[PDB]
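Student: Questions regarding the structure given below will be posed in turn.
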């Protein structure tokens with residue numbers, strides 16, 4: 001039973017890392033389509049020149 | 001990873017539609033309207049660099065290579081570099097560029 | 001002599017102006033290149049990590 005709990009904890013942590021990294025990568029993706037107003041560029045290379 | 005995401009989210013929030021750049025009608029001297037911090041910092045960074053370049057220019061033109069001026073140039077150059085770096089740490093790239101547009 | 005000296009000075013200044021013009025044109029191209037390098041780094045090196 002202890003190993004089953006620990007196994008759930010380990011699966012949660014692995015998923016947290018996957019979610020965390022996906023979130024982190026969302027900050028680097030250039031919104032191709034002009035339209036979406038919402039994603040304000042965070043990187044000077046994003047451009048705005 | 002969470003710590004890094006939090007940092008980038010803070011930068012995104014700061015970027016959101018911020019920095020009212022009042023068209024300084026040049027004639028209207030008086031209204032103490034307070035320059036946005038980003039504009040002041042960018043301008044100052046740019047002015048500092050201009051004065052530095054100007055100094056190089058004046059020297060190039062006046063042929064007086066006073067021996068010891070190089071230590072002072074390096075310092076000035078470093079000072080600007082630090083300031084420029086500070087500007088990029090303190091403000092969002094979006095606001096800096098906006099400030100440059102206005103300038 | 002002053003007029004001549006002054007003419008030299010004007011010529012020096014004129015040279016600097018020509019240098020700055022070139023300098024600013026180059027800087028503009030560089031800014032475009034530098035922008036393309038940062039975008040290329042994000043696309044080639046960072047964006048592929050989430051899949052791994």
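Read-outs: derived from the displayed coordinates by stated rules, not from any lab. Neighbour counts run over all protein chains shown; Cβ positions are idealised from the backbone, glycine included.
Student: Would you mind stating whether residue A:1 is more than 8 Å from chain C (Cβ to nearest Cβ), more than 18 Å from residue C:42 (Cα to Cα) and surrounded by 10 or more Cβ atoms within 10 Å (Cβ to Cβ)?
Tutor: No.
Student: So, one more: Step by step: first the residues of the stretch B:13-62, then only those that are in contact (Cβ under 8 Å) with a residue 60 or more places away in the chain and within 14 Å of chain A (Cβ to nearest Cβ), then the one that is nearest to residue C:16 (Cα to Cα). Which residue is that?
Tutor: Only one residue tops the list, namely B:42.
Student: Is it true that residue B:44 is out of contact with any helix residue (DSSP H, G or I) (no Cβ under 8 Å at 6 or more places or on another chain), surrounded by fewer than 15 Cβ atoms within 10 Å (Cβ to Cβ) and within 25 Å of residue A:42 (Cβ to Cβ)?
Tutor: no
Student: Under the condition of being outside any helix (DSSP H, G or I) and loosely packed, with under 11 Cβ neighbours inside 10 Å, which residue from the stretch C:1-48 is nearest to the other protein chains (Cβ to nearest Cβ)?
Tutor: Applying the filter and picking the extreme gives C:48.
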